[PDB]
Each structure stands twice: as structure tokens, then as C-alpha cells.
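Novice: Got an experimental structure here, sequence first:
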Amino acid sequence: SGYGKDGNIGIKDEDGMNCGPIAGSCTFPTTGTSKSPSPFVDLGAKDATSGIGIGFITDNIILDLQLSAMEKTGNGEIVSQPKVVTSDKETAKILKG
Amino acid sequence: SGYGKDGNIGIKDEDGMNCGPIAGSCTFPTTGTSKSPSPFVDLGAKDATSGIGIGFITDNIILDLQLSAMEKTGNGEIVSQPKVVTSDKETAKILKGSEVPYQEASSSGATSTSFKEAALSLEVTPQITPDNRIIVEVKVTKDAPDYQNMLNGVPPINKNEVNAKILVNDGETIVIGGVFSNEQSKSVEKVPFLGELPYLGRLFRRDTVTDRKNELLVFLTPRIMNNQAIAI
Amino acid sequence: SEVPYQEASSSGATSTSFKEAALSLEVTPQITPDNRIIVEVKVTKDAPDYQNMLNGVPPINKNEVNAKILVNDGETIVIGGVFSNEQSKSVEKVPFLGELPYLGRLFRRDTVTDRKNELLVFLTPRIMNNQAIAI
């Protein structure tokens, strides 16, 4: 699973199974899957966030590899200048708010 | 996904699948889709916001590319001038506005309906010198009734007020006080690789720039009524 | 009319504070021989608050000038005046279409509001001594 924009395909592969694909794996050497409707929908919604790179294989193996990156730059400049005319040795105030 | 007006077609492509199109993709090289009803409705409603550019392909590939831009300009000018006639070395006031109450109705001994008027107001204590000049202590407040008060929540009234004592001649106008607020805000949201490319970055850098500059200034001119009082 | 605020307060404080949104004059005139008066007058025009009519938090609206001035009997003066000039312009525009002149009216959303309210109070005192001498 990712962390900057957390993603783990396997959980949403279970959600894909909820969609209904046929997945069979009897041993670590032996596996096969067919009838997979999960990639296009699960990844399309899943990967909607800004920066994303998606790579998917299903027929030989189901391997979905996504890179999710966000780069944000914000610059804020505030210049406020209040002018008050005051008599000597007296208090005066300007207030705006 | 966009950011100024966030958009990501893929999520609403799942919503499109809810509409019912046939989408098949068994490998990254191999994909195909048919029976797509999602683009016209999903994009039409989705892209309703003001500035939008929509480009859609579905048969070869489904690629929807929309640019959503809003540009807003508002200029507000308020000029309010209150005139008060006051005797020399006396206090007088002009007030126009409304007094929001806070009923601190307090059962045990304290009933304090505190109430304060968001108003344009002048409180003046002028002292006249012979050469048609005045040294006056004036509190000048421009307070506008709080929205939250109109909202019946916790009411913060807005106050722009200068209190000071100054000397000016009768035929003279001065700046009692002034403030210029210059707000410069830039926010750009960008995917790194696409953001790099110049043409692509405008397509792939989400820029929000806001410039708000409000300046407030108060002038004043006192016209001696002695010119008439001597006649009186 | 005097809107009340019943701060009915159980423990020792019953303060039905009540204040009239009214047109009102409070005058303390001092007469000088040459048919002139220096008078301390508080002139208030207060209108009953909508929220008070709404039974919410009632902000009554007050336009009031309090001052002491000298004027002759046959004289009218401006006790006080205020002119409020509000100029508001808001234009909402798609950049490209907003650029084009004919298209921009079609594609620039303009809201312009100009509200200008001026309030002035005059005054003239007619000495009743003219009648009181007859009296």
C-alpha cells in the first residue's frame, strides 16, 4: 500500500471480486483469473486523485501499480498599512475589523 | 483530477458504469468499451460550472479532458459623509445605523441587554482657537451589522473606527486616518511531470490567484458656524 | 413604540428593558434676548427592528443626533446630515469569451448596485414669547 495517497490494490481486488471475477489460486506456483470487471471501475474511481500512474495486467497475473503524487504551491502576500494622525503625547487608535 | 474546480473523469466514469456501459480491459495494452451513455449526461451535469472546456473520446479510448476556470472581479466603493453641528468645547454625536442587542437575560441578579449600534457615527468634542481652527477629539466609527447577528449566531459586528484629537483649520480637509489592505494570494496545484511541460502545465497545473485590495480613508472638514453665529 | 426585552431573571433581577423606536425630540432651550436660542436637543429617528418583529435578536435602527446649538427664531439650520454613497460593481466573466466584446456581454456576468441614502435634519424654533408677551 502507498502512503502519500494510500493505495493498495489487493483490498480493492476483493472489492473487485464483489464485482464478480473468477479468481483461482491453489498454490503459490499455480494461479489463474478470468472474467475480471474490477480493473476499469475500481482503478478509475480509485485513481481519480490528481497525480496518478496506473499499470494493470490481469490475464497472466493481476498486477496494478499506481503512483499517486500531489505537488501544491501556495504563495500569499498581505500588505496592510494604516495611517493615524495623533496629537503629541496623546493616544489615538485606528481599528478596522 | 483538477483543483481550482476539482474534476476527475474516472470516478464519474464509475458513475457512468452505473449508467450501464460495457467496459473491458484485460491488460494495459488491451482495452475496449462500447454502449457508453455516461459522457453526455455525466459531463453535461459535471461540467455545468461557469468556465469549462470538454473534450471526449470513447470508441478508441475514453479520454475526457476538461478545463474549468472562473474569473471574478468585484469593485465596491462606499462614500459616506456625516455632518454634525457642535458647540465649542462640547460633545455632539451623529449616529445612523442599528443597535444589535444581546439579551444577557440572567436570572440571578443580572439583566444586561447589552446593545451596540453598528452605525456610521461621529462623536466630536471641538475646541476652537481664534484663527478659525479647531483642536477636536473625534471618535469616527463605521460599523456594519454583523452577518452572524443577522444569522442569529455568535455576532461579530464589523468596526472601522478611528478615535483621535487633531487641530485643523476651518477651510481645511485632512486625512484623519487611512488604511490600505493589499492581499496577494497565489495557489497553484500541479502534477509534477505534466506540470513541467509548458503547454501541458496550464492543462495540468491548477492555479488559483486572488488579489483583494481594500483601502479605507476618512477625510474631514469643519465649517465654523461662528461665521453665522456672529450674524446670530 | 417601545420594544420590550423582558430579562425576567429569577434571582433578583427583573429588568424589562424597553426602548422606543420612535421619532423623538428632547429639547432644553435657553433663550437669549435677540430671539435666539442655544438649545441642547437630542433628535432620534429610530425604527422598530425587523428581527424584533421577527422575535429574534432585535437590532433597532437608530438615526440620532444629540447636540447643543444657537439659532435665531426665524432661522432654519441643518443640525446634522449624512450622505451614504454605495457604489458596488461585480462582474463575473469566463476569460476567453469575456475577452470578446459582443461575446463578453453574453459571457461576462455583471451585477452593479448603486445605493445612495442621504439623511438630513433641519430645525426652526418659533418663539412662543411672541404670544406669551400677549399672555
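Specialist: Yep, that arrived. Residues are numbered from 1 along each chain as shown, chains lettered A, B, ... in the order given.
Novice: which strand is the longest one in chain A?
Specialist: strand A:71-84 (DSSP state E).
Novice: bridging residues for the closest residue to residue A:81 other than its chain neighbours?
Specialist: Excluding the flanking residues, the one nearest residue A:81 by Cβ to Cβ, 6 or more residues apart in numbering or on different chains is residue B:180, at 5.3 Å. All C-beta atoms are positioned from the backbone trio N, CA, C, and that covers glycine. In this entry, residue B:180 is beta-bridged to residue A:81, residue B:215, by DSSP bridges.
Novice: tally of neighbours for residue B:180?
Specialist: By the criterion of other Cβ atoms under 10 Å in any protein chain shown, residue B:180 has 14 neighbours.
Novice: Pretty sure it sits against residue B:215.
Specialist: Yes - with contact defined as Cβ atoms under 8 Å, residue B:180 and residue B:215 form a contacting pair (4.0 Å).
Novice: Overlap of the contact sets of the two?
Specialist: Among the neighbours of residue B:180, none is also in contact with residue B:215 (Cβ atoms under 8 Å, 6 or more residues apart in numbering or on different chains).
Novice: Return the distance of the longest strand of chain A from the chain's centre.
Specialist: 30 Å (Cα atoms, centre = their mean, to the nearest Å).
Novice: Quick one: work out the angle between that strand and strand B:174-190.
Specialist: On the basis of axes from the mean of the first three to the mean of the last three Cα atoms, to 10 degrees, strand A:71-84 is oriented at 180 degrees to strand B:174-190.
Novice: For the residue of chain A found nearest chain C, which residues are in contact?
Specialist: Nearest residue of chain A to chain C (Cβ to the nearest Cβ) works out as residue A:96 at 17.8 Å. The contact partners of residue A:96, by Cβ under 8 Å, 6+ apart, come to A:82, B:159, B:160, B:179, B:181, B:216.
Novice: Next, give me the two most distant ones among the residues you listed.
Specialist: Greatest spacing in these, by Cβ to Cβ: B:159 and B:181 (14.7 Å).
Novice: ok so, going back, list the helices and strands the longest strand of chain A packs on?
Specialist: Using 3 or more Cβ pairs under 8 Å, 6 or more residues apart in numbering or on different chains; DSSP states H and E as the contact test, the elements touching strand A:71-84 are strand A:93-96, strand B:174-190.
Novice: at 10 Å what do you get?
Specialist: Counting by 3 or more Cβ pairs under 10 Å, 6 or more residues apart in numbering or on different chains; DSSP states H and E, the packing neighbours recorded for strand A:71-84 are strand A:93-96, strand B:158-169, strand B:174-190, helix B:192-196, strand B:205-220.
Novice: Send me it as PDB with only the CA atoms.
Specialist: This file holds the C-alpha atoms of strand A:71-84, laid out as PDB (Å, rounded to 0.1, in the frame of the first residue of the first chain):
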ATOM      1  CA  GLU A  71       2.600  18.900  -5.600                       C
ATOM      2  CA  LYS A  72       1.000  22.000  -4.100                       C
ATOM      3  CA  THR A  73       2.400  25.500  -4.100                       C
ATOM      4  CA  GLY A  74       0.700  28.500  -2.500                       C
ATOM      5  CA  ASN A  75       2.100  32.000  -2.000                       C
ATOM      6  CA  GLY A  76       0.200  34.600  -0.100                       C
ATOM      7  CA  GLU A  77       1.300  38.200   0.300                       C
ATOM      8  CA  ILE A  78      -0.600  40.600   2.500                       C
ATOM      9  CA  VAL A  79       0.300  44.300   2.700                       C
ATOM     10  CA  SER A  80      -1.800  46.400   5.000                       C
ATOM     11  CA  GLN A  81      -0.800  49.900   6.100                       C
ATOM     12  CA  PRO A  82      -2.900  52.000   8.500                       C
ATOM     13  CA  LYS A  83      -2.200  55.700   9.000                       C
ATOM     14  CA  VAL A  84      -3.300  57.500  12.200                       C
END
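Novice: can I assume residue A:39 is in contact with residue A:57?
Specialist: Yes - Residue A:39 lies in contact with residue A:57 (Cβ atoms under 10 Å); the separation is 9.3 Å.
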